[PDB]
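Participant: Pasting in a structure now, in structure tokens, and then I'll have a few things to ask.
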Number of protein chains: 2
Amino acid sequence: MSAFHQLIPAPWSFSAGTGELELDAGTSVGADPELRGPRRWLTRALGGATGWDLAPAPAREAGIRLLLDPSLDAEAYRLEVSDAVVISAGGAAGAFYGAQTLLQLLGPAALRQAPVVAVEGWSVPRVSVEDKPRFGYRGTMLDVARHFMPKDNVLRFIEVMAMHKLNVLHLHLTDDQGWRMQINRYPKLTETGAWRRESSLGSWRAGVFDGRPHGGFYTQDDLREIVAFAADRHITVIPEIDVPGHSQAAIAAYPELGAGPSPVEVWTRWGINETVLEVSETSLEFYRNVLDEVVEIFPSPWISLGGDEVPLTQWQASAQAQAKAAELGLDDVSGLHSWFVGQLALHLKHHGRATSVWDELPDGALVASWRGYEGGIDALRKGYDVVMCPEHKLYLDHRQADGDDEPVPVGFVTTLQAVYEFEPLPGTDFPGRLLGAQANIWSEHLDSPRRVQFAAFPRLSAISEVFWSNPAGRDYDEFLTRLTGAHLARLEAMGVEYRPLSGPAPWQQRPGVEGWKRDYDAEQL
Amino acid sequence: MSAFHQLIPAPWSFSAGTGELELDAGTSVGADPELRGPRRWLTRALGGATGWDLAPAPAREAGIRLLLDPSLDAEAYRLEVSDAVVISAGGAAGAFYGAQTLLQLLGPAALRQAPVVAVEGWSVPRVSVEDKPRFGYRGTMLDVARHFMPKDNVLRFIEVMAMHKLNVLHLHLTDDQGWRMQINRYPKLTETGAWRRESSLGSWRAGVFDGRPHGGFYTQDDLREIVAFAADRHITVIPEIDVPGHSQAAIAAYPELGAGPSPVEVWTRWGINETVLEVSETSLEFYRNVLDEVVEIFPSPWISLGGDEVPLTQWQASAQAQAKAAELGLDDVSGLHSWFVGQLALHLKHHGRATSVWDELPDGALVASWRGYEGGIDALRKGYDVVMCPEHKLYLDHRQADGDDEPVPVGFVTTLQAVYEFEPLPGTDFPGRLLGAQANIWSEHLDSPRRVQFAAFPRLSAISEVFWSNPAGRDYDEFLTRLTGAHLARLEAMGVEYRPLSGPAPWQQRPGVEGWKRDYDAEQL
């Protein structure tokens with residue numbers, strides 16, 4: 001039983017000792033100054049689950065000790081179970097991840113917000129663990145533009161992320177179908193842009209609508225909170241304001257930003273919009289003002305500008321766009337795209353931030369590559385930093401099985417096993433560096449936080465392992481036994497309603513709602 | 001500025017001193033042994049909001065002291081701001097409520113789950129407060145049978161309740177349209193009973209359906225958690241399994257429990273069901289087995305059996321019901337109702353629990369009176385303990401204003417001011433005693449936790465004052481200035497999307513969805 005553990009993500013090295021150390025209600029928590037942050041989080045989480053005081057004690061003297069070890073990487077930790085619980089780390093984030101591994105060692109009741117057990121004693125099996133992340137950037141994107149997620153649910157989603165040792169949350173805040181961020185200078189962004197009349201029901205290709213208004217937004221205080229909440233859990237929040245395309249919500253609010261039409265209203269359907277920004281000095285000024293407030297709220301070194309999916313139809317037919325391309329000396333009207341994003345990227349640079357985009361900038365530019373290995377290596381050749389999120393691998397809005405029993409089926413079949421066997425560009429030594437990978441959850445069809453949970457899990461659990469663990473020890477069948485054996489119980493304890501392995505629960509189904517089924521091989525030939 | 005405060009519920013006595021005491025990151029929390037429970041909660045809540053350690057110190061020696069004062073009532077506290085923050089209480093619950101009053105004194109940022117402010121210092125104005133509850137039972141009912149509320153949202157709703165000093169949560173767990181509680185002996189209750197094919201859209205009188213499956217359930221561990229979560233906040237959770245009526249979900253699961261029909265399925269519409277339990281030894285045994293598990297999960301001295309709304313049609317036409325009434329020597333088939341509930345009430349008594357019902361038992365029987373003052377005083381004459389929840393006053397599923405702009409309008413117009421001016425039976429000295437009052441939120445039309453928040457607030461804030469505060473100091477116009485001045489900001493900080501005073505936000509509206517509009521005066525004559 002020496003190599004046996006049920007932890008996910010699996011740690012890099014694990015050894016079991018003999019027996020169990022018992023923790024009573026008197027257990028105290030020590031930490032070195034650098035780790036006081038993680039001490040607070042553990043105290044709050046475990047105190048809630050056990051009803052214990054968990055009062056601080058001098059670090060070397062305590063039941064649970066968090067100790068600084070400068071020879072370890074910052075996100076790396078060592079966990080030792082002895083006469084005491086000793087977690088060594090190179091930094092706060094490391095100590096935090098050690099803490100998570102501890103909670104898993106205590107069992108699922110350690111993840112509840114109030115005690116569900118006796119609390120006379122709990123036991124931690126005696127083990128030695130040594131752990132570090134494989135990738136430094138382990139992401140998830142959350143689309144709150146398509147369906148607004150109430151703040152309570154966002155913080156809960158973030159809590160579940162940290163439990164999987166995911167460090168990046170890419171927050172897609174704006175799109176054709178709504179604008180979620182309150183901007184003080186431009187009140188209509190939320191007043192007008194934060195809601196739509198109705199929503200496509202199923203794929204936009206079925207042309208049916210639900211008659212139900214949808215909307216909401218985060219205030220600046222709400223965003224601050226989310227950022228602070230994530231920071232306590234060592235998650236970086238990268239906001240995205242998507243430009244020049246996916247802009248109809250902003251155009252509805254402030255029509256000057258568009259070409260022209262009857263007044264433009266927040267888009268009620270999915271898919272790609274031919275209606276986009278009119279690129280010009282006024283648009284530019286508008287979005288510099290927006291990015292001024294963004295940068296005040298979000299401390300993140302990257303800020304995402306999107307840049308995906310802009311049809312040139314509007315620009316080609318635009319007397320203004322034509323004029324603009326002449327003034328700049330561009331070859332054609334399509335160069336305005338590169339120009340517009342670059343001007344904003346420059347403004348971000350003025351504020352000390354690198355830019356993040358989906359494709360195609362200053363030095364620290366980060367590309368999120370949804371194309372395959374080729375588009376990825378191509379962006380490295382040019383010196384851009386890369387994170388992989390292939391559309392045919394890592395998109396979690398895509399159906400989890402073949403057939404008609406999955407709710408609103410769209411995209412490729414992307415299964416638990418397929419996702420677990422995924423790789424990021426597997427000696428060319430280029431100027432660009434691979435930061436890591438990210439999973440994207442697009443919200444068109446997920447109209448409640450329950451549906452988002454169904455989409456994200458269990459797959460995101462397997463993905464968290466792909467991002468964190470050692471690729472050498474990878475076997476799907478082995479992973480399953482840990483998933484079903486322990487981890488599903490942890491997800492249940494955290495309030496996450498996932499897709500059961502045998503398929504959707506009857507209340508998770510949505511019959512009569514048309515999806516769009518894609519096949520990756522068919523699209524190649 | 002000596003009588004001025006923005007606290008809701010308003011405390012019984014309040015005096016402002018001069019200046020502000022500043023709390024730094026070194027602030028420590030002391031408590032007497034009885035209050036260690038509330039010390040833990042404050043530490044968790046305020047630590048989360050400030051990023052402070054809030055380490056324990058000897059009680060008399062600490063920045064925030066929670067001190068036992070046996071001369072105060074258990075739910076009563078005194079709060080003193082000085083060189084230190086001193087909260088005196090007669091018990092844990094008292095200290096808890098003092099803590100809440102403290103958080104309000106620090107401002108809305110104290111209610112966030114992560115710091116949104118500088119945290120260099122916070123200031124508490126120097127004040128003396130003396131406070132007790134007017135009613136000992138201050139309730140809210142939550143219908144999770146009609147629309148299942150995910151666990152994450154339930155705990156958040158409970159957190160918002162405790163902030164208003166509400167001590168009772170009446171959890172309506174089962175109905176025609178679903179059964180939310182997992183029972184180990186009877187797996188189909190959840191497997192079958194926990195979901196329905198679709199739902200009425202609007203009033204059942206419009207006969208239109210949404211085509212959308214709905215369901216979910218709490219496991220026993222989930223319920224335990226909710227009970228423990230509530231207990232940490234001094235909220236009693238009274239579960240309700242409604243019998244003999246509102247039973248079609250249980251009948252779907254186990255058809256023997258009904259008369260007969262094509263197989264019975266979970267009800268898809270609202271309103272009163274003619275399909276009810278067949279009262280008999282087998283039904284009785286079934287529900288004793290259910291109440292055996294309930295009583296293991298919920299520690300509450302009361303357990304609710306419902307008893308509302310049973311049409312006699314089925315029983316009058318039932319050869320079995322007729323036979324049964326003969327065997328017992330009842331006058332007619334309608335006496336089986338009283339008999340069935342009484343047998344279960346007896347079984348509860350065996351377990352040491354009093355019974356709770358909606359109308360019409362052993363000594364500790366509690367009646368929840370939805371009729372007016374008359375039905376209430378009548379139940380006191382008979383010695384039953386009473387809590388008031390008049391249908392024309394305290395039902396929060398009812399529309400908050402006249403007209404067509406309120407979403408799915410149903411019931412009487414029940415406004416913020418009307419609800420704030422409400423009273424419970426205003427020297428007959430009967431055997432029954434008035435425990436308090438309760439507000440009920442029926443979930444037929446609230447299909448998300450957002451909609452539930454819209455229904456419950458701001459009204460539940462005014463109600464919390466009616467239940468807690470002194471009736472002498474009651475003026476609506478004064479209340480408004482506190483509501484708009486401070487409290488709405490507190491609700492925003494806790495993630496609660498309420499009905500704005502000027503009416504529903506555009507994304508809160510639901511046009512095309514038929515309600516049923518009632519007028520209280522018209523129904524009298």
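The chains in the structure tokens are called A, B, ... from first to last as shown; in each chain the residues are counted from 1, and the ligands are counted from 1 in the order shown.
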Chain B near chain A within 7 Å: what's each residue's closest atom pair and its distance in Å to one decimal, counting only C-alpha atoms, ordered by chain then ascending residue number, as a Markdown table?
Facilitator:
| residue | atom | partner | partner_atom | distance |
| --- | --- | --- | --- | --- |
| B:40 | CA | A:53 | CA | 6.4 |
| B:44 | CA | A:44 | CA | 5.4 |
| B:53 | CA | A:40 | CA | 6.4 |
| B:55 | CA | A:55 | CA | 6.5 |
| B:56 | CA | A:55 | CA | 6.9 |
| B:112 | CA | A:225 | CA | 6.9 |
| B:113 | CA | A:229 | CA | 6.9 |
| B:114 | CA | A:229 | CA | 5.0 |
| B:115 | CA | A:228 | CA | 6.2 |
| B:116 | CA | A:225 | CA | 5.4 |
| B:151 | CA | A:495 | CA | 6.0 |
| B:152 | CA | A:495 | CA | 6.0 |
| B:195 | CA | A:507 | CA | 5.9 |
| B:212 | CA | A:510 | CA | 6.1 |
| B:213 | CA | A:507 | CA | 5.2 |
| B:214 | CA | A:507 | CA | 5.0 |
| B:215 | CA | A:507 | CA | 5.0 |
| B:216 | CA | A:507 | CA | 6.9 |
| B:221 | CA | A:116 | CA | 6.5 |
| B:224 | CA | A:116 | CA | 5.7 |
| B:225 | CA | A:116 | CA | 5.4 |
| B:228 | CA | A:114 | CA | 5.4 |
| B:229 | CA | A:114 | CA | 5.0 |
| B:495 | CA | A:152 | CA | 6.0 |
| B:507 | CA | A:214 | CA | 5.0 |
| B:509 | CA | A:213 | CA | 6.7 |
| B:510 | CA | A:212 | CA | 6.1 |
Participant: How would the residues just picked look written out with N, CA and C atoms as an mmCIF file, in the first residue's frame?
Facilitator:
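part.cif, freshly written:
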data_model
loop_
_atom_site.group_PDB
_atom_site.id
_atom_site.type_symbol
_atom_site.label_atom_id
_atom_site.label_comp_id
_atom_site.auth_asym_id
_atom_site.auth_seq_id
_atom_site.Cartn_x
_atom_site.Cartn_y
_atom_site.Cartn_z
ATOM 1 N N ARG B 40 -15.238 31.847 16.555
ATOM 2 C CA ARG B 40 -14.818 31.165 15.335
ATOM 3 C C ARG B 40 -15.498 31.743 14.096
ATOM 4 N N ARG B 44 -13.629 33.753 11.020
ATOM 5 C CA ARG B 44 -13.748 33.347 9.629
ATOM 6 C C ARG B 44 -14.308 34.454 8.743
ATOM 7 N N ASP B 53 -5.206 38.209 10.510
ATOM 8 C CA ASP B 53 -5.071 36.957 11.269
ATOM 9 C C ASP B 53 -6.188 36.728 12.299
ATOM 10 N N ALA B 55 -6.091 36.428 15.532
ATOM 11 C CA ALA B 55 -5.698 35.402 16.485
ATOM 12 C C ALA B 55 -6.349 35.654 17.831
ATOM 13 N N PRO B 56 -6.653 34.570 18.555
ATOM 14 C CA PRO B 56 -7.291 34.610 19.874
ATOM 15 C C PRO B 56 -6.371 35.221 20.910
ATOM 16 N N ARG B 112 -17.957 41.183 2.458
ATOM 17 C CA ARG B 112 -17.349 40.518 1.316
ATOM 18 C C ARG B 112 -16.582 39.273 1.764
ATOM 19 N N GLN B 113 -16.355 38.350 0.840
ATOM 20 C CA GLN B 113 -15.600 37.134 1.135
ATOM 21 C C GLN B 113 -14.095 37.298 0.885
ATOM 22 N N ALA B 114 -13.695 38.427 0.302
ATOM 23 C CA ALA B 114 -12.273 38.797 0.153
ATOM 24 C C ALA B 114 -12.147 40.314 0.278
ATOM 25 N N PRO B 115 -10.972 40.824 0.688
ATOM 26 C CA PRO B 115 -10.938 42.281 0.921
ATOM 27 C C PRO B 115 -11.114 43.098 -0.357
ATOM 28 N N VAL B 116 -12.053 44.034 -0.351
ATOM 29 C CA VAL B 116 -12.182 45.027 -1.413
ATOM 30 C C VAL B 116 -11.601 46.400 -1.063
ATOM 31 N N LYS B 151 -27.086 23.357 -3.505
ATOM 32 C CA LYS B 151 -26.534 23.497 -2.160
ATOM 33 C C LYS B 151 -25.735 24.798 -1.936
ATOM 34 N N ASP B 152 -24.896 25.174 -2.907
ATOM 35 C CA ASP B 152 -24.120 26.417 -2.825
ATOM 36 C C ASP B 152 -25.013 27.641 -2.553
ATOM 37 N N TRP B 195 -37.086 14.229 -9.912
ATOM 38 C CA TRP B 195 -37.154 14.963 -11.181
ATOM 39 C C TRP B 195 -38.503 14.845 -11.873
ATOM 40 N N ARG B 212 -38.867 21.611 -20.408
ATOM 41 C CA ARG B 212 -37.550 21.493 -19.781
ATOM 42 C C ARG B 212 -37.586 20.642 -18.507
ATOM 43 N N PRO B 213 -36.917 19.485 -18.534
ATOM 44 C CA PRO B 213 -36.774 18.669 -17.334
ATOM 45 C C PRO B 213 -36.263 19.516 -16.171
ATOM 46 N N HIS B 214 -36.711 19.211 -14.952
ATOM 47 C CA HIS B 214 -36.155 19.860 -13.769
ATOM 48 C C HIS B 214 -36.029 18.916 -12.583
ATOM 49 N N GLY B 215 -34.930 19.036 -11.845
ATOM 50 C CA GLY B 215 -34.744 18.213 -10.670
ATOM 51 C C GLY B 215 -33.411 18.337 -9.960
ATOM 52 N N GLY B 216 -33.246 17.495 -8.946
ATOM 53 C CA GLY B 216 -32.029 17.402 -8.162
ATOM 54 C C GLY B 216 -32.448 16.977 -6.762
ATOM 55 N N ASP B 221 -25.544 13.661 3.480
ATOM 56 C CA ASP B 221 -24.374 14.458 3.818
ATOM 57 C C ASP B 221 -24.566 15.933 3.484
ATOM 58 N N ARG B 224 -26.931 17.234 6.212
ATOM 59 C CA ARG B 224 -26.156 17.381 7.431
ATOM 60 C C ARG B 224 -25.418 18.712 7.382
ATOM 61 N N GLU B 225 -24.667 18.922 6.304
ATOM 62 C CA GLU B 225 -23.927 20.158 6.098
ATOM 63 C C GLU B 225 -24.812 21.393 6.266
ATOM 64 N N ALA B 228 -25.622 21.766 9.908
ATOM 65 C CA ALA B 228 -24.445 22.264 10.625
ATOM 66 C C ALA B 228 -24.133 23.724 10.277
ATOM 67 N N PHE B 229 -24.244 24.061 8.994
ATOM 68 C CA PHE B 229 -24.024 25.430 8.536
ATOM 69 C C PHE B 229 -25.013 26.360 9.242
ATOM 70 N N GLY B 495 -24.061 39.497 -2.425
ATOM 71 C CA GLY B 495 -24.431 38.845 -3.667
ATOM 72 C C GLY B 495 -25.926 38.708 -3.894
ATOM 73 N N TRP B 507 -33.610 42.895 -16.984
ATOM 74 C CA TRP B 507 -33.273 41.469 -17.052
ATOM 75 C C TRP B 507 -34.024 40.642 -16.011
ATOM 76 N N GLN B 509 -37.333 41.131 -15.631
ATOM 77 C CA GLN B 509 -38.679 40.980 -16.152
ATOM 78 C C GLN B 509 -38.888 39.659 -16.913
ATOM 79 N N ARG B 510 -40.132 39.218 -17.001
ATOM 80 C CA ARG B 510 -40.452 38.008 -17.747
ATOM 81 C C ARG B 510 -41.777 38.200 -18.483
#
Participant: Within 8 Å of stretch 423-430 of chain A, counting only C-alpha atoms, which residues show up once you throw out same-chain ones fewer than 3 positions away? Write them as JSON, numbers by chain, please.
Facilitator: {"A": [373, 376, 377, 380, 381, 383, 388, 433, 436, 437, 466]}
Participant: For the atom pair atom CA of residue A:491 and atom CA of residue A:118, what is the interatomic distance in Å to one decimal place?
Facilitator: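 So the two atoms, atom CA of residue A:491 and atom CA of residue A:118, lie 21.1 Å apart.
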Participant: Grab the atom CA of residue B:415 to atom CA of residue B:441 distance for me, in Å with one decimal place.
Facilitator: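 It comes out at 14.5 Å.
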Participant: Report as a list in words all protein, DNA and RNA residues lying within 7 Å of stretch 137-147 of chain B, evaluated on only C-alpha atoms, omitting residues in the same chain fewer than 2 positions from it.
Facilitator: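 Close residues of stretch 137-147 of chain B: residues 135, 149, 166, 167, 168, 169, 170, 171, 172, 173, 174, 175, 177, 178, 179, 180, 435, 436, 437, 438, 439, 440, 441, 442, 443, 444, 447 and 467 of chain B.
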Participant: Taking 3 positions as the minimum chain separation for residues in the same chain, which residues sit within 8 Å of stretch 341-343 of chain B when counting only C-alpha atoms? Answer as a PyMOL selection string.
Facilitator: chain B and resi 243-244+284+305+307+337-338+346-347+361
Participant: DSSP on the backbone: what in stretch 235-443 of chain A comes out strand (DSSP E), as a PyMOL selection string?
Facilitator: chain A and resi 236-240+302-306+354-357+366-369+385-388+410-411+434-441
Participant: Print the selection's residues with N, CA and C atoms to a file, as a compact mmCIF listing (two decimals), in the first residue's frame.
Facilitator:
# COMPACT_ATOMS: atom_id res chain seq x y z
N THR A 236 -4.59 33.89 -10.91
CA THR A 236 -4.47 35.16 -11.61
C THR A 236 -5.74 35.30 -12.45
N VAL A 237 -6.37 36.47 -12.39
CA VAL A 237 -7.56 36.71 -13.20
C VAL A 237 -7.22 37.59 -14.41
N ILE A 238 -7.25 36.99 -15.60
CA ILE A 238 -7.03 37.72 -16.83
C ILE A 238 -8.36 38.14 -17.45
N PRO A 239 -8.67 39.43 -17.42
CA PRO A 239 -9.94 39.89 -17.99
C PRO A 239 -9.81 39.98 -19.48
N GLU A 240 -10.91 39.80 -20.19
CA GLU A 240 -10.89 39.98 -21.62
C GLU A 240 -11.99 40.95 -22.02
N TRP A 302 -1.14 40.24 -17.70
CA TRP A 302 -1.76 40.17 -19.02
C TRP A 302 -3.18 40.72 -18.99
N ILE A 303 -3.59 41.33 -20.09
CA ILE A 303 -4.97 41.75 -20.27
C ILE A 303 -5.38 41.30 -21.67
N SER A 304 -6.52 40.64 -21.80
CA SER A 304 -6.87 40.03 -23.07
C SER A 304 -7.70 40.95 -23.95
N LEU A 305 -7.26 41.13 -25.19
CA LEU A 305 -8.01 41.89 -26.17
C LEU A 305 -8.81 41.05 -27.15
N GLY A 306 -8.79 39.73 -27.02
CA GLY A 306 -9.50 38.93 -28.00
C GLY A 306 -8.85 38.99 -29.38
N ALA A 354 1.35 43.34 -20.53
CA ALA A 354 1.41 42.59 -21.77
C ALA A 354 -0.01 42.35 -22.28
N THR A 355 -0.16 42.07 -23.57
CA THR A 355 -1.47 41.82 -24.17
C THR A 355 -1.68 40.34 -24.44
N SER A 356 -2.92 39.90 -24.34
CA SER A 356 -3.26 38.54 -24.67
C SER A 356 -4.27 38.55 -25.83
N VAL A 357 -4.07 37.67 -26.82
CA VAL A 357 -4.98 37.59 -27.96
C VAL A 357 -5.18 36.15 -28.42
N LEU A 366 1.02 37.49 -25.43
CA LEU A 366 0.65 36.11 -25.21
C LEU A 366 -0.40 35.71 -26.24
N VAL A 367 -0.15 34.61 -26.93
CA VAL A 367 -1.13 34.06 -27.83
C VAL A 367 -1.84 32.85 -27.24
N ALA A 368 -3.16 32.84 -27.29
CA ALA A 368 -3.91 31.65 -26.91
C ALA A 368 -4.32 30.93 -28.18
N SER A 369 -3.67 29.80 -28.43
CA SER A 369 -3.80 29.12 -29.70
C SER A 369 -4.88 28.05 -29.68
N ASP A 385 4.83 34.51 -26.73
CA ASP A 385 4.57 33.49 -25.71
C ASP A 385 3.23 32.82 -25.99
N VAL A 386 3.17 31.52 -25.75
CA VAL A 386 2.02 30.73 -26.15
C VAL A 386 1.40 29.97 -24.97
N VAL A 387 0.07 29.86 -24.97
CA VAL A 387 -0.64 28.90 -24.14
C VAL A 387 -1.58 28.12 -25.06
N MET A 388 -1.59 26.79 -24.93
CA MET A 388 -2.42 25.97 -25.81
C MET A 388 -3.85 25.78 -25.28
N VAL A 410 -23.06 20.03 -29.22
CA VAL A 410 -22.38 20.92 -30.14
C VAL A 410 -20.89 20.60 -30.15
N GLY A 411 -20.22 20.93 -31.24
CA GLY A 411 -18.80 20.71 -31.33
C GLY A 411 -18.48 19.25 -31.51
N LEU A 434 6.62 28.37 -24.23
CA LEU A 434 5.33 27.77 -23.91
C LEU A 434 5.08 27.95 -22.43
N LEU A 435 4.06 28.73 -22.10
CA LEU A 435 3.72 28.98 -20.71
C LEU A 435 2.90 27.84 -20.10
N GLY A 436 2.06 27.23 -20.92
CA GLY A 436 1.11 26.24 -20.43
C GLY A 436 -0.10 26.05 -21.33
N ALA A 437 -1.19 25.62 -20.71
CA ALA A 437 -2.43 25.31 -21.42
C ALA A 437 -3.66 25.86 -20.70
N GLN A 438 -4.80 25.84 -21.38
CA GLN A 438 -6.02 26.37 -20.82
C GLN A 438 -7.25 25.66 -21.39
N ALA A 439 -8.25 25.43 -20.55
CA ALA A 439 -9.52 24.88 -21.02
C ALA A 439 -10.56 26.00 -21.08
N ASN A 440 -11.34 26.02 -22.15
CA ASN A 440 -12.33 27.08 -22.36
C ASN A 440 -13.76 26.57 -22.23
N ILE A 441 -14.57 27.28 -21.45
CA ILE A 441 -15.99 26.96 -21.34
C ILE A 441 -16.83 28.10 -21.91
Participant: Please determine, counting only C-alpha atoms, which residue among B:414, B:6, B:82, B:316 has the shortest atom-to-atom distance to residue B:259.
Facilitator: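 Ranked by minimum distance to residue B:259, first place goes to B:316.
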Participant: Need to verify the contact set: residue A:295, 9 Å, only C-alpha atoms, exclusion of same-chain residues closer than 5 positions in sequence. Can you return it as a PyMOL selection string?
Facilitator: chain A and resi 290+300+303+348+351+353
Participant: Restricting it to N, CA, C and O atoms, dump the selection as a PDB file, in the first residue's frame.
Facilitator:
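Output below, filename result14.pdb:
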ATOM      1  N   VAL A 290     -11.825  52.594 -21.337  1.00  0.00           N
ATOM      2  CA  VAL A 290     -12.256  51.345 -20.738  1.00  0.00           C
ATOM      3  C   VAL A 290     -11.053  50.636 -20.134  1.00  0.00           C
ATOM      4  O   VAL A 290     -11.110  50.154 -19.001  1.00  0.00           O
ATOM      5  N   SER A 300      -3.526  41.842 -12.926  1.00  0.00           N
ATOM      6  CA  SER A 300      -2.897  40.861 -13.818  1.00  0.00           C
ATOM      7  C   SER A 300      -1.899  41.425 -14.865  1.00  0.00           C
ATOM      8  O   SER A 300      -2.213  42.380 -15.578  1.00  0.00           O
ATOM      9  N   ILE A 303      -3.593  41.328 -20.094  1.00  0.00           N
ATOM     10  CA  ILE A 303      -4.971  41.748 -20.274  1.00  0.00           C
ATOM     11  C   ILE A 303      -5.379  41.301 -21.667  1.00  0.00           C
ATOM     12  O   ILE A 303      -4.640  41.507 -22.613  1.00  0.00           O
ATOM     13  N   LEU A 348      -1.877  49.512 -23.311  1.00  0.00           N
ATOM     14  CA  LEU A 348      -1.611  48.593 -22.222  1.00  0.00           C
ATOM     15  C   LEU A 348      -0.142  48.637 -21.824  1.00  0.00           C
ATOM     16  O   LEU A 348       0.188  48.589 -20.633  1.00  0.00           O
ATOM     17  N   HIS A 351       0.787  51.189 -19.560  1.00  0.00           N
ATOM     18  CA  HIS A 351       0.403  50.816 -18.193  1.00  0.00           C
ATOM     19  C   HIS A 351       1.187  49.641 -17.639  1.00  0.00           C
ATOM     20  O   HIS A 351       0.908  49.180 -16.535  1.00  0.00           O
ATOM     21  N   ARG A 353       1.392  46.511 -18.902  1.00  0.00           N
ATOM     22  CA  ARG A 353       0.782  45.212 -19.124  1.00  0.00           C
ATOM     23  C   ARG A 353       1.074  44.642 -20.499  1.00  0.00           C
ATOM     24  O   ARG A 353       1.038  45.359 -21.505  1.00  0.00           O
TER      25      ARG A 353
END
Participant: In Å, how far is it from atom CA of residue A:111 to atom CA of residue B:183?
Facilitator: 23.0 Å
Participant: Please determine, counting only C-alpha atoms, which residue among A:499, A:311, A:15, A:392 has the shortest atom-to-atom distance to residue A:1.
Facilitator: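 The answer is A:15, which sits nearest to residue A:1.
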Participant: Excluding residue A:340 and residues on its chain fewer than 4 positions from it, collect all residues at most 12 Å away from it, counting only C-alpha atoms, and give them as a PyMOL selection string.
Facilitator: chain A and resi 242-245+277-285+287-288+305-307+321+324-325+328+333-336+344-347+361
Participant: For the residues in the current selection, export C-alpha atoms as an mmCIF file, in the first residue's frame.
Facilitator:
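Okay, part.cif is ready:
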data_model
loop_
_atom_site.group_PDB
_atom_site.id
_atom_site.type_symbol
_atom_site.label_atom_id
_atom_site.label_comp_id
_atom_site.auth_asym_id
_atom_site.auth_seq_id
_atom_site.Cartn_x
_atom_site.Cartn_y
_atom_site.Cartn_z
ATOM 1 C CA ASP A 242 -12.937 41.389 -26.928
ATOM 2 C CA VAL A 243 -12.223 43.778 -29.833
ATOM 3 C CA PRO A 244 -12.765 44.710 -32.761
ATOM 4 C CA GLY A 245 -15.282 41.880 -33.227
ATOM 5 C CA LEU A 277 -16.438 48.110 -34.388
ATOM 6 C CA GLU A 278 -15.787 50.957 -36.737
ATOM 7 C CA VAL A 279 -12.055 51.383 -36.159
ATOM 8 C CA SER A 280 -11.267 55.056 -35.704
ATOM 9 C CA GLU A 281 -9.872 57.572 -33.268
ATOM 10 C CA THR A 282 -13.124 57.730 -31.344
ATOM 11 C CA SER A 283 -13.377 53.926 -30.895
ATOM 12 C CA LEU A 284 -9.723 53.991 -29.886
ATOM 13 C CA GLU A 285 -10.286 56.706 -27.293
ATOM 14 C CA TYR A 287 -11.466 51.661 -25.384
ATOM 15 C CA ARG A 288 -8.410 53.360 -23.876
ATOM 16 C CA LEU A 305 -8.009 41.887 -26.172
ATOM 17 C CA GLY A 306 -9.498 38.929 -28.003
ATOM 18 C CA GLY A 307 -9.091 39.647 -31.710
ATOM 19 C CA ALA A 321 -12.630 52.310 -43.167
ATOM 20 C CA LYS A 324 -8.606 55.261 -42.625
ATOM 21 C CA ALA A 325 -6.537 52.630 -44.405
ATOM 22 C CA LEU A 328 -2.221 54.956 -42.408
ATOM 23 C CA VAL A 333 -8.969 47.509 -45.184
ATOM 24 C CA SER A 334 -8.202 44.246 -43.377
ATOM 25 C CA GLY A 335 -5.000 45.714 -41.930
ATOM 26 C CA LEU A 336 -7.081 47.894 -39.641
ATOM 27 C CA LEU A 344 -4.617 49.236 -27.686
ATOM 28 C CA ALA A 345 -1.694 46.878 -26.991
ATOM 29 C CA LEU A 346 0.498 49.991 -26.970
ATOM 30 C CA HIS A 347 -1.832 51.655 -24.450
ATOM 31 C CA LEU A 361 2.481 43.184 -30.767
#
Participant: Using only C-alpha atoms, can you tell me which of B:470, B:289, B:502, B:275 comes closest to residue B:132?
Facilitator: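 Closest candidate: B:470.
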Participant: Any idea what's packed within 12 Å of residue B:83, counting only C-alpha atoms, ignoring anything in its chain fewer than 3 positions away? Could you give it as JSON, numbers by chain?
Facilitator: {"B": [19, 20, 21, 22, 23, 27, 61, 62, 63, 64, 65, 80, 86, 124, 125, 126, 127]}
Participant: From a DSSP calculation on the backbone, collect every residue of stretch 31-277 of chain A in helix (DSSP H, G or I) and output the set as a VMD selection string.
Facilitator: chain A and resid 33 to 50 59 to 61 92 to 106 108 to 111 151 to 163 188 to 191 204 to 206 220 to 232 248 to 253 255 to 257
